[PDB]
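The structure appears right after this line, and notes come after that.
Residue numbers (this note's numbering), protein chains in the order written: chain A, 18 to 146; chain B, 966 to 1050; chain C, 207 to 228; chain D, 6 to 103; chain E, 202 to 250.
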């Protein structure tokens, strides 16, 4: 019964956000057919539940780390730099930068230019050889 | 009830920090939309509870250590560098 | 029997002592 | 003996607190669902919804039912959408509903 | 025997002493969040919270 009423309150709240929030408010908070509003929303988006897990970002990092654990060791490093990006490390920019350096992944202008120059030079040398 | 009151006290203390501390004092202590100040702070920053762990640096060290244990033998050395730092 | 029972109550009356340590 | 059982039930539900995680059915719109997930989490943080839900279920254990509000109010209060608990006492509901 | 149970509860709480750890939501203000966490820790230490 609590679950059922929680789904009710979630639907009502989601309708309230879609009605009464401007896109500017969402952009500040967040870095980013049937006639009824409830059915319209509940078609595309469904309400799911996870544990409280403090902020959403912590739950995102937990799911990402679980996916890493399911991944093999090879492919694991790029998932790892995403996990470092999501996880709230005490010093976050530098760990992300280093894991990217060893991985080479993107999403940095000097690093991009260096990587492009190295790749072009190596490819040209191989072709010439 | 204690947890709820702790969140209350943390938010209140954060509000008095935002209102009554100077930037020079923050730099000395540390090496570094809704109208209410109550909701404005919650909008960007949330309050989380962690063990006492004495100074903040020890909590940072614990987080770094767990992160390193999660990391593979490769790429872990640089994170060991920062942990020891 | 009263002595034994009183001794048992003395036993009943680390975690309980934490306030002195704090 | 009432207190032991009621406290056990409310503690069992309190250890099982959950937060909304909006899932997109199509997932051609995963980003809108994730933004809505942050929006709901922000509203729950501001309104302290988990405590309200826990108290509401605590009342539903002791008495027949509990009530939770999700409405939009205009005031100098920063939060536009408020989620607050109302006691089973202060609510009168139609009994004809099946 | 009330003293025993009360002491057990207070000891269980005191063992679980916690500090505020401010976490950033927008991800664009991690450094302000860490600074505010350090200020909160300093205030808790001086006030012996």
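From the three backbone atoms N, C-alpha and C, an ideal C-beta is built for every residue, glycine too.
Compute the beta-carbon to beta-carbon distance between residue i and residue j, rounded to the nearest angstrom, for a pair I have assumed lies under 8 Å.
i                       : j                       : result
residue 61 of chain A   : residue 30 of chain D   : 6 Å
residue 238 of chain E  : residue 1016 of chain B : The Cβ separation is near 14 Å, so there is no contact.
residue 35 of chain D   : residue 27 of chain D   : Contact flag wrong, Cβ pair sits at about 10 Å.
residue 225 of chain C  : residue 203 of chain E  : Going by Cβ atoms, the distance from residue 225 of chain C to residue 203 of chain E rounds to 15 Å, so no, they are not a contact pair.
residue 44 of chain D   : residue 23 of chain A   : Going by Cβ atoms, the distance from residue 44 of chain D to residue 23 of chain A rounds to 17 Å, so no, they are not a contact pair.
residue 41 of chain A   : residue 40 of chain D   : Residue 41 of chain A to residue 40 of chain D, Cβ: 13 Å. No contact.
residue 77 of chain D   : residue 33 of chain A   : 5 Å
residue 969 of chain B  : residue 56 of chain D   : 5 Å
residue 19 of chain D   : residue 59 of chain D   : 5 Å
residue 31 of chain A   : residue 1028 of chain B : Actually they do not touch by this definition, with Cβ atoms about 34 Å apart.
residue 1001 of chain B : residue 82 of chain D   : 6 Å
residue 205 of chain E  : residue 218 of chain C  : 6 Å
With which residues is residue i paired in a DSSP beta bridge?
i                       : result
residue 248 of chain E  : Partner(s): none; residue 248 of chain E has no beta bridge.
residue 1010 of chain B : E:225
residue 67 of chain A   : D:24
residue 93 of chain D   : Beta-bridge pairing links residue 93 of chain D to no other residue.
residue 982 of chain B  : Answer by DSSP bridge pairing: none, since residue 982 of chain B is not bridged.
residue 17 of chain D   : Bridge partners of residue 17 of chain D: none, in fact.
residue 76 of chain D   : D:87
Looking only at its own chain, which residues have a Cβ that is under 7 Å from the Cβ of residue i, when we skip the five neighbours before and after it?
i                       : result
residue 78 of chain A   : 100, 103 and 104
residue 1036 of chain B : 1044
residue 63 of chain D   : 15
residue 99 of chain D   : none
residue 66 of chain D   : 11, 14 and 15
residue 1033 of chain B : 1041, 1044, 1045 and 1048
residue 36 of chain A   : none
residue 70 of chain D   : 93
residue 25 of chain A   : none
residue 117 of chain A  : 98
Near residue i, what residues of its chain come up, given a Cβ to Cβ distance below 8 Å and the 5 sequence neighbours on each side ignored?
i                      : result
residue 121 of chain A : 132
residue 57 of chain A  : 50 and 51
residue 74 of chain D  : 87, 88, 89, 90 and 91
residue 84 of chain D  : 48, 51 and 52
residue 129 of chain A : 123
residue 250 of chain E : 244
residue 43 of chain A  : 49
residue 64 of chain A  : 24, 27, 28 and 31
residue 135 of chain A : none
Return the chain-ordered list of same chain residues with a C-beta closer than 6 Å to the C-beta of residue i, the five sequence neighbours on each side being excluded.
i                       : result
residue 28 of chain A   : 55
residue 72 of chain D   : 91 and 96
residue 82 of chain A   : 100
residue 1018 of chain B : 1024
residue 72 of chain A   : none
residue 113 of chain A  : 101 and 102
residue 213 of chain E  : none
residue 68 of chain D   : 93
Any C-beta of chain A within less than 8 Å: which residues of the stretch 227 to 240 of chain E qualify? 227, 228, 229, 231 and 235
Residues of the stretch 53 to 65 of chain D with a CB closer than 9 Å to any CB of chain B: list them in chain order, please. 53 and 56
Please give me, in chain order, every unbroken run of the alpha helix (DSSP H) with length at least 4 that falls completely inside the stretch 53 to 130 of chain A. 54 to 61, 73 to 87, 93 to 103 and 109 to 120
Residues within the stretch 65 to 80 of chain A neighbouring chain D, beta-carbon criterion of under 8 Å: 65, 66, 67, 68, 69, 70, 72, 73 and 76
The stretch 102 to 115 of chain A: which residues have C-beta closer than 9 Å to a C-beta of chain B, in chain order? 104, 105, 106, 107, 108, 111, 112 and 115
Contact residues within the stretch 15 to 30 of chain D, judged by C-beta distance below 9 Å to chain B: none
Which of the residues in the stretch 70 to 84 of chain D, read from start to end, lie with their CB under 8 Å from any CB of chain B? 81, 82, 83 and 84
Cβ-based contacts, 9 Å cut-off: residues of the stretch 1033 to 1044 of chain B near chain A: 1035, 1036, 1037, 1039, 1040, 1043 and 1044
Contact residues within the stretch 33 to 54 of chain A, judged by C-beta distance below 9 Å to chain B: 41, 42, 45 and 46
Report the residues of the stretch 119 to 137 of chain A with a CB closer than 8 Å to any CB of chain B, ordered along the chain. 119
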